[PDB]
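Taking it in order: structure first as C-alpha cells, then the write-up.
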2 protein chains.
Amino acid sequence: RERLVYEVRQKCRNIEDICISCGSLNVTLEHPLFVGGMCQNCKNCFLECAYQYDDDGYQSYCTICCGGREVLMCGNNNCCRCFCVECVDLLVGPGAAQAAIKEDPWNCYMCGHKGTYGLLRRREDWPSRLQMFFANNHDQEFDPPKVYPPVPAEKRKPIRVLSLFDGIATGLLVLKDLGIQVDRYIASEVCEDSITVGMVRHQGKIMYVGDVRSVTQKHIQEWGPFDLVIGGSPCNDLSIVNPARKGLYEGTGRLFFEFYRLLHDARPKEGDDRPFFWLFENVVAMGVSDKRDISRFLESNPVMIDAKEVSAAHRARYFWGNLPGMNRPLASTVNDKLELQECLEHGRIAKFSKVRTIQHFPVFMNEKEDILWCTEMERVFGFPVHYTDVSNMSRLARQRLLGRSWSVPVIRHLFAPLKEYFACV
Amino acid sequence: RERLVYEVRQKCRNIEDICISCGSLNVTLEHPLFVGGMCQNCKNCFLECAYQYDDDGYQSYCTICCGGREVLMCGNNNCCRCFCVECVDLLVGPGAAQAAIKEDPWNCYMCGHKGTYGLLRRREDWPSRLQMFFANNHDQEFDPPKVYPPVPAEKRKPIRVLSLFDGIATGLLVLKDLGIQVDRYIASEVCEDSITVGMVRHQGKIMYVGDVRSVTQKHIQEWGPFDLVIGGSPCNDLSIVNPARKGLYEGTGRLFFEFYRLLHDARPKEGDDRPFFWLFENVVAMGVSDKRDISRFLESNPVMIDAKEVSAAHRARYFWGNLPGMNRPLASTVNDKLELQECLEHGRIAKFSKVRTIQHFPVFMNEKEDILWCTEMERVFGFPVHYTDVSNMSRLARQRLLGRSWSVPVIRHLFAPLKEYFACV
Ligand SMILES: Nc1ncnc2c1ncn2[C@@H]1O[C@H](CSCC[C@H](N)C(=O)O)[C@@H](O)[C@H]1O
Ligand SMILES: Nc1ncnc2c1ncn2[C@@H]1O[C@H](CSCC[C@H](N)C(=O)O)[C@@H](O)[C@H]1O
Ligand SMILES: [Zn+2]
Ligand SMILES: [Zn+2]
Ligand SMILES: [Zn+2]
Ligand SMILES: [Zn+2]
Ligand SMILES: [Zn+2]
Ligand SMILES: [Zn+2]
C-alpha cells in the first residue's frame, strides 16, 4: 500500500476508496474508527484480533490493520491501544513512528487532544459505529427468535433452570436478586472450589451433577421440564491472557457441543407452546469460523454486550439466546459502580477507572503498586461482598475462580424480563 | 514389567493375573489375542492403536502393547503385524528379538506354524474374541434402537434419502442395486469430481446441494420429509495414511456435527410414528474420547463391520444407526470376489489375496511391481466396472476419489432390510 497511498496523498485517489488496513481494492465497508475503506478479509481479521490483549494489558496487534510486526503502545492512562510502525508511516508520515518513539509522554491517535491530523482524521461517531459494526454482521443471516406471548400473572409458576458450566452459581444468584421463585436449579460443574462456592452461598438448594458429558437425554427427561437453560463455554483457553495457548478449538470447542446437545434434550417439542428460554455466553476474542459454527449450530445471531456500560470492568461477551429484550440497551442502576475507585477498599486510590480483564497491578496504595484484593474483584464484577470466601483456598485460585465468571449486572439485565414469565417472591 | 515377569516364569505369578501390555496389576479384561490380563487404559490404547498402519502398509505400533520404540515387521505374505523388541524379551526370552532380526525369512507369532511357545501361547478362538471385543465395549452403555413395525407391501412408497458427504453416490447406487424405488435423493458434497461422478452415473436424478454448513432447518423442511439420512465424515485426516497429519479433531470433527444437526432437522417428531432411518459411517483408527463423543451425540453403540468378510479389501468401519439387522453377520454372495486375483485384469497375477487400504504396490505383472489399476480398485470395492471414468481427471485424484468410498457389498448388506419398508421396482 505504499504506492497506493502515494497516489492518495497526490489527490489522485480517495482514501475512502482504499482499504487502509492492507491496501486492497475490494472495498465493501468503511473502517469503523478511521478514514478509509475496508475489505471483508480485514473485517474477519478485525473481528478476531481487535479485542485481543497481551499479558501487559495492551493490545496484541495494531489497532488499524490488526497485524503489524513492531507496535507502539500508548502512554495515556487506561488506554491500551497499539499502532505498528508501518501504519504510522502512511497516515502520519514517513519516519513519524521512529520520531514518535522518542516522545516519552506519547498519546495515541484515538486519545490525541487535537483530534485532527493531515492524512489520518478520526471519524466522529466511532462508538456508535462500533455498536453498529456488530449489527453489520449480516453475513450470518438468521431468522428472528420466536417471541412467546406473556403468561398472566396469576398463572405464573416458579422457574426451572438447567445450568451448564455453572461455576460459582452466578445465574441462580441473579435470579434471586430479581426475586424470581426458583423451583429447582440443576447444575453441572467439575471444579470443586466452584461447587463449594455454590453450595454455601445458595444453601444446599442446588442439585449438583458431575461432568456435562455424563448427562444423558434420559437424565434431562427425568429431572423434570426445564424453563431456562443457560451456560458459558470455557474461556480460559480461548482468552489470550493464558500464556500456554496450545489450542483454541481443542477442549473448549468440544464442550460447546455438550451445551448444544443438552439444549436440544431440554427443548419442548413443536406443538408444545410452553415458554422456554436459553442463554449461551462466550468471549469476543474468538475465531471467525468458530463464531460462525457457533451461530450455525445455535441457529441465531450473537449479541455483544460489554459490561463497561454497567460495571467497572471491560468485559465484552457474546450472548446467544431467545430471552426477550436481549438487544435493548444496557441501563446502569445507582447501586452499580461505574468507577473503579468506588469498588476499592478504604485507604486505597485507583489511578484506573476500569480494570481490563478478559501496568499489570492496577492500584496505587501508600505510593506502591498492588493487585486488586479478592473482595474488590467481587465488587468490580457486581458480586455480593465477600461472596467467594467460603472454603480454605489460595488467593491465586480464588482470583482465577472470580475471573472466569459472568458480570453480575449484565446477567441481571439479560435475566430481568423473565420476571414477566415466572413467579415472584 | 521385567521383574514381574521374572516372578511369572518362576511359577510364582500367573501370566493371566498380569497385564501383558504394560505390567499393570489392575487386571479387568483378558488380552484378546494372547495370554495375559488387560487393564482398561491398555484397552483404550488398543482401541486407538491396533488398526493403525504406517505408509509401508505395516502396523504403526507393536501388536502386543500398542506402543513400542523399535518394532519387528513380519515377513509372511499379507501379514502386516509388528512386534517391538521389548515385548519379545519377555514372551520369547531375552535377546530373542536381536536374534530374530537376523532370521531373514521370519514369521510373526500370529503366523507361526507351530503355534505354541514357552511363555507366549496363542489363544485359540482369537477371531471370535476379536468380534466379541467390540461387543465388550459396554462402558458406553446405551438403550437399544427403536424397532419400527413393518409396513404392509401394498402400502409401501418410494424412499427419500438425505445423503451428507455423498462422494460418488455409493448409497443411491446400492439402493438401485437392491431395486428400491427412490422418490428423491438430496445430496450435499463439495468436491467437483465426486459431483460429476454422481451426475453421470445416476443420470441427473440427484439434486445437488452445496456445502453441508449452508443447509438450514428450513431447507430440510421444504425439501420434503426424508425417509433415510446417511453419511460418513471425512476420513482422510483421521487416517494414518496421509503423511500430513496436522490434526484429527480439526476439520473432520466439526463436519461430524453437521451430520448431527441435520439428522435432528430431518427426524420426525415424537408421536409421528412414520418409519425413519439413519446411518453414520467412520474409520476404526480413531480416538477413544472421539468415539465416545460420537456415541454420546448419536445416542447409540457403534457396530464395526469389516469388508474382508464380503470383499477383497481390509475396510474396517464403524456404522452407527437404527437400520434393522445392523448387527447380524455378513454374508458374501457369489458375485462378490473374496480373492484379490479375481478382481485383477487378465494377464495380471496377485501375490496378495487382500489389499490393505484404510510392499506398497500390490501386483506382480510380467515380473514387475505395479499399483492396482483404477478399474480394479473399483472391482475391489464392489463398484460396477468402469464406474469413475466419467470426466477428464488425473489417476492420482481418481484413485483418491475411489479410496474414500464406502465398500459396496457392506453397504448392500446394511441397506438390504430397507426393502421390507419401501417400494420395489
Ligand atoms: N467438563 C466440564 N463440565 C462442567 N464444567 C466444566 C467442565 N470443564 C470446565 N468446566 C467449568 O466451566 C467453567 C467455565 S467459565 C464459568 C463461568 C460461570 N458463568 C460463572 O459465573 O462462574 C469453569 O468454571 C470450569 O470450572
Ligand atoms: N464441507 C463438505 N461438505 C460436503 N462434503 C464434503 C465436505 N468436505 C469434504 N467433503 C467430502 O466428504 C467425503 C468424505 S469420504 C466420502 C465417502 C462416500 N460415502 C463415498 O462413497 O464416496 C469426501 O468425498 C469429501 O469430498
Ligand atoms: Zn484490507
Ligand atoms: Zn498496523
Ligand atoms: Zn491512548
Ligand atoms: Zn496395561
Ligand atoms: Zn510392544
Ligand atoms: Zn505374520
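Note that chain A is numbered according to Swiss-Prot, with residues 476-833, 846-912 shown in order.
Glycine too: its Cβ is placed from the backbone N, Cα and C atoms.
Of the residues A:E629, A:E664, A:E907, Swiss-Prot puts just one in the S-adenosyl-L-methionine site with A:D641, A:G642, A:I643, A:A644, A:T645, A:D686, A:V687, A:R688, A:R891, A:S892, A:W893: A:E664. Cβ neighbour count for A:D641 (S-adenosyl-L-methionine binding site) (all protein chains, 10 Å cutoff from its Cβ): 29. A Cα-Cα distance of 18 Å separates A:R688 (S-adenosyl-L-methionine binding site) from A:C710 (active site). Among residues of the same chain six or more beyond the zinc finger (A:493-523), those with a C-beta under 8 A of the stretch's C-beta atoms are 476, 479-480, 483, 538-542, 565-566, 584-585, 595-598, 601, 604-605, 607-608, 611-612, 760-763, 766.
For the region 'Interaction with the PRC2/EED-EZH2 complex' (A:494-586), DSSP puts the residue distribution at 23 helix, 14 strand, 56 coil.
Just so you know, the Cβ of A:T645 (S-adenosyl-L-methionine binding site) picks up 26 other Cβ atoms within 10 Å once every protein chain is counted. Here the recorded positions are A:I643, A:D686, A:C710, A:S892; the one with the fewest Cβ atoms within 10 Å of its Cβ is A:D686. Whole-number maximum of the Cα to Cα distances across the S-adenosyl-L-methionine-binding residues A:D641, A:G642, A:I643, A:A644, A:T645, A:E664, A:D686, A:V687, A:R688, A:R891, A:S892, A:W893: 22 angstrom. Contacting chain B by the Cβ rule (under 8 Å between Cβ atoms), the recorded positions A:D641, A:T645, A:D686, A:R688, A:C710, A:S892 reduce to A:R688.
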